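Next come the chains, spelled out residue by residue.
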Amino acid sequence: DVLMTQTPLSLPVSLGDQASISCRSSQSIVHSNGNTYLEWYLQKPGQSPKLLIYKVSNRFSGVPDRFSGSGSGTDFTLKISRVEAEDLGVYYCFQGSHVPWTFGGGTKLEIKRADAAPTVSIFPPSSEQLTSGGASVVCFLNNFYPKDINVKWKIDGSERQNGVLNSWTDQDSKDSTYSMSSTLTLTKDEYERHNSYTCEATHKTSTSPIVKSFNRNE
Amino acid sequence: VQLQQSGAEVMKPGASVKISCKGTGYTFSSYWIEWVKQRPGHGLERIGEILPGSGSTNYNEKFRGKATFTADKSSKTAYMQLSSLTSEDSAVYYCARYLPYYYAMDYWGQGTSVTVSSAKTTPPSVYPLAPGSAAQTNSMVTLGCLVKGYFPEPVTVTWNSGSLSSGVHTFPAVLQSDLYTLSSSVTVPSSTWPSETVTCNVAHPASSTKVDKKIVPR
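All residue numbers start from 1 on each chain and follow the order of its written sequence rather than the entry's numbering, and residues without coordinates are excluded. Working convention: letters from A go to chains and numbers from 1 go to ligands, in the order in which they are written. Note that these chains sit within a larger assembly, yet all values were taken from the shown part only. Just so you know, side-chain values use all the structure's heavy atoms and leave hydrogens and water out.

- In the PDB archive, cryo-EM is given as the structure determination method for this entry, at a resolution of 3.7 Å.

- If you check the PDB entry, chain B appears there as IgG1 Heavy Chain from Mus musculus.

- As annotated in the PDB entry, chain A carries the name IgG1 Kappa Light Chain and is attributed to Mus musculus.

This is the structure we're talking about:
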């Protein structure tokens, strides 16, 4: 099977800037008739993919002119002139030369802006979960940029990794930031034997890791 | 032109899953119909295409013997017999029309969810996220409301009828041992929380669970 190589994996560009993404084929995908058949797909979060470029030398009927495609016999490049709020999504390559047909690797594309300071917030369990018999410690990290950030859990100064749930969302629209949730679930009996629980965050915009700790017996 | 698919399907591992593809607005049995597999994590992998007129089928070298297509000429519907299914194939499936060497892929489907697991449909468990007893009162304060142990997706965790909608963050679903755990948070001024009554509400339509819960300081 002829594999696709899309470069780069993620290309954050600002509104109005020209962005170019390359899509190389592992073998020659030029057909003997004299035409190369490749498809470009644009998928939005929660919706089915759309069409923008088929038969690269041509344009799709219904897409505006801000998109363009070019390339040599093997190397292909998709170019966008002015990135709009609608152009958010994921790109995909599709070769149509040999049997069978295959997709690409998927190119992540969003917008880019200045750096942001992360907002860290820790939440101990409540009395209801203690009545139930558990201990859920939550650690939110909202409104940070870029995605280069690490979260660590410390129990009485010891690194803890079992029971860590790390989740993140996409880039929001109104503020263009990132969010990350770190959940730690333990038993109530273990909650009464340890003393200090700590959520620590390391981000580029902070020389020192943001520390949020709390003690059981205070 | 219009495409219809089957609803969500759950089943124990090892059995078969039958999904249907309905097509209208064109000559249904004149050109290829191909299906696409999208894992909820990343990437797009295809599964195969069929020609509803003749018994011409092909498969990708990686998914050989995993699915077997079937076409119907009398009724405009395509089926797929699924082989022994494992927990590594739980993903979303799309259907689309395709015609090689010419204009192709101008429409899609809507999406079909296949959730294969061994758990049982359990009602959610709502718990508040109250801050610690000793905490420094800043200009603003963050909130939290958690839901653990529910199946299947989705669930809607909101604040008081949309009163607190600015600065909310809903994370994707991530498993811990066998079920889900999702939290909601929002930032409110610290001069309002000791005064205004706030209650996090949780709605689970698959189990008809409408549960509100008030968060009170310590």
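**Quick word on the overall build of chain A**
Link 1 in the chain: Only DSSP runs of H or I with at least four residues qualify as helices, and only runs of E with at least two residues qualify as strands; both kinds are numbered from the N terminus onward. Broken down by element type, chain A carries 2 helices and 17 strands.
Link 2 in the chain: Over its C-alpha trace chain A gives a radius of gyration of 24 Å, far above what one expects of a compact globule, namely 17 Å for 218 residues.
Link 3 in the chain: Judged by the C-alpha coordinates and their principal axes, chain A covers about 80 × 35 × 30 Å.
Link 4 in the chain: Throughout, exposure labels follow a simple rule: accessible area from a 1.4 Å probe, protein chains only, divided by the maximum for the residue type, with under 20% read as buried, over 50% as exposed, and the rest as partly exposed. Here chain A holds 218 residues, and the buried ones make up 44% of them.
Link 5 in the chain: Contacts were defined at the residue level, with two residues in contact if any of their heavy atoms lie within 4.5 Å. Looking at chain A alone, contacts between residues at least 24 apart form 57% of all its contacts between residues at least 6 apart.
Link 6 in the chain: Positive charges are assigned to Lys and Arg, negative charges to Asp and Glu, while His and the chain termini are left out of the count. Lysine's charge is taken at NZ, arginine's at CZ, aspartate's at CG and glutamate's at CD. Distance between charge centroids for chain A: 4 Å, based on 21 positive and 22 negative side chains. This radius of gyration counts C-alpha atoms alone. The globule rule is 2.2 Å times how many residues there are, raised to the power 0.38.

**A few points about the pattern of salt bridges**
Side chains bearing opposite charge may pair, as long as their charged atoms lie close to each other.
Link 1 in the chain: Basic side-chain nitrogens of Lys or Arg form a salt bridge, by our definition, when they fall within 4 Å of a carboxyl oxygen of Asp or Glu. Scanning the entire structure with this criterion turns up 18 salt bridges over all chains.
Link 2 in the chain: In this structure, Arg160(A) engages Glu190(A) in a salt bridge whose closest nitrogen and oxygen atoms are separated by 3.2 Å. Here the residue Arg160(A) occupies a position in strand β13 (residues 158–160), and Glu190(A) occupies one in helix α2 (residues 188–191), the gap between them amounting to 30 residues.
Link 3 in the chain: Residue class for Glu190(A) comes out buried when judged on its relative accessible area of 16%.
Link 4 in the chain: For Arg46(B), the salt bridge is made with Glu49(B), and the minimal N-O distance between the two is 2.3 Å. The pair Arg46(B) / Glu49(B) is uniform in exposure class, with both members buried.

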